[PDB]
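> One structure coming up, written as structure tokens, with questions to follow.
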There are 2 protein chains.
Amino acid sequence: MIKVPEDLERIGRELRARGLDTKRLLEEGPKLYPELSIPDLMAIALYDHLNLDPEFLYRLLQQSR
Amino acid sequence: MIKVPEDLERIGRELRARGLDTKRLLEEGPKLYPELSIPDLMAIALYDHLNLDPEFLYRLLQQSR
């Protein structure tokens, strides 16, 4: 589902808009987005609280794969 | 290298003590700890800035594996 950095940002914005802080995002994120990997959701959590460049997080995710 | 939650906390404390913020931790962490996976380092980054329970992050890492 994360084919480009834009997808990381889109899903991240969506989950945070629900009111999910980082812990709740890591608990609810996987239920709402079962197609994402745990590393995907950790990267989204980092984007959502620290506003790290989605390009950087995307590149890190590519390495892990 | 992360066989228990204690290892996540130990390495996290070590990297943050060097002055590494989250972005620099994700850039320098892999160089300093080449034995860790990218998901390992993302979990350590989450612990170091948000103080999420290392037990929770450890359990998430087990799932990914």
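A note on labels: chains of the structure tokens are A, B, ... as shown, every chain counts residues from 1, and ligands are counted from 1 in their shown order.
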Each residue of chain A with at least one atom at most 8 Å from chain B should appear once, together with its nearest atom pair and the corresponding distance in Å (one decimal); atoms considered: only C-alpha atoms; ordering: chain, then increasing residue number; output as CSV.


```
residue,atom,partner,partner_atom,distance
A:23,CA,B:52,CA,7.1
A:37,CA,B:64,CA,7.2
A:38,CA,B:64,CA,5.7
A:39,CA,B:39,CA,5.5
A:42,CA,B:42,CA,6.5
A:43,CA,B:42,CA,7.1
A:46,CA,B:46,CA,7.0
A:52,CA,B:23,CA,7.1
A:60,CA,B:38,CA,7.0
A:61,CA,B:38,CA,7.7
A:63,CA,B:38,CA,7.6
A:64,CA,B:38,CA,5.7
```

> For C-alpha atoms, I'd like the residues from the last selection saved as a PDB file, in the first residue's frame.


```pdb
ATOM      1  CA  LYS A  23       0.788   4.202  21.232  1.00  0.00           C
ATOM      2  CA  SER A  37       3.636  -4.188   7.709  1.00  0.00           C
ATOM      3  CA  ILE A  38       4.712  -3.418  11.268  1.00  0.00           C
ATOM      4  CA  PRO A  39       7.719  -1.467   9.878  1.00  0.00           C
ATOM      5  CA  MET A  42       6.385   2.352  12.783  1.00  0.00           C
ATOM      6  CA  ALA A  43       7.503   4.694   9.987  1.00  0.00           C
ATOM      7  CA  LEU A  46       7.517   8.513  13.323  1.00  0.00           C
ATOM      8  CA  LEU A  52      10.266  13.412   9.604  1.00  0.00           C
ATOM      9  CA  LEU A  60      14.444   3.442   5.102  1.00  0.00           C
ATOM     10  CA  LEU A  61      11.462   1.175   4.394  1.00  0.00           C
ATOM     11  CA  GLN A  63      16.112  -0.903   2.686  1.00  0.00           C
ATOM     12  CA  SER A  64      14.275  -3.134   5.155  1.00  0.00           C
TER      13      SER A  64
END
```

> Tell me which protein, DNA and RNA residues are within 6 Å of segment 3-14 of chain B, counting only C-alpha atoms, leaving out same-chain ones fewer than 5 positions away, and put them as a count of residues only.

5

> What's the separation between atom CA of residue 47 of chain B and atom CA of residue 25 of chain A, in Å to one decimal place?

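Atom CA of residue 25 of chain A lies 14.4 Å from atom CA of residue 47 of chain B.
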
> What does the distance from atom CA of residue 20 of chain B to atom CA of residue 35 of chain B come to in Å, to one decimal?

18.6 Å

> As a ChimeraX atom specification, please: every residue in segment 3-53 of chain B that a backbone DSSP assignment puts in helix (DSSP H, G or I).

/B:5-17,22-32,38-50
